[PDB]
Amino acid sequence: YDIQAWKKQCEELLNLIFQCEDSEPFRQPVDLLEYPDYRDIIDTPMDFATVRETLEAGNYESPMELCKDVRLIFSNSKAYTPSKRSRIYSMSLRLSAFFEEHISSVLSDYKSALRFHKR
């Protein structure tokens, strides 16, 4: 029932994501010189360094907010892909499965801890 435990859990999950080769295209903002039309399709760019910096700045109140930003990395990849068989998008799908597998207990434990706090 530790209301604050999600933060270190998210830091460790981000460390695992950075060690994963599938995160390479998503570790820093999409390079607008390499993809000049990126902002014509994507309204809100997001990447794992921005997520880690937001967390470290104390700018996430809950793991649900971090999860919304991580999911935005994957939805941006899906929206920008010219094909469902593209390399970067295919890496996003595996990384998304890995993230969802690991974030599930972080969200469950936090929501349970908050319910206990407000019992």
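Between two forms, the rigid core is defined as the largest C-alpha subset superposing within 1.5 Å. From 1 onward, residues are counted along the sequence shown.
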Could you check whether 40-48 or 82-90 drifts more from the shown form in 8 other deposited structures of this protein, using RMS Cα distance once the core is superposed? 82-90
RMS over structures and residues, CA atoms, rigid core fit in 8 other deposited structures of this protein: 24-32 vs 55-63, larger is 24-32
Given the B-factors recorded for C-alpha atoms, which segment has the greater mean, 26-34 or 85-93? 26-34
State which stretch shows the higher mean Cα B factor in the entry: 74-82 or 35-43. 35-43
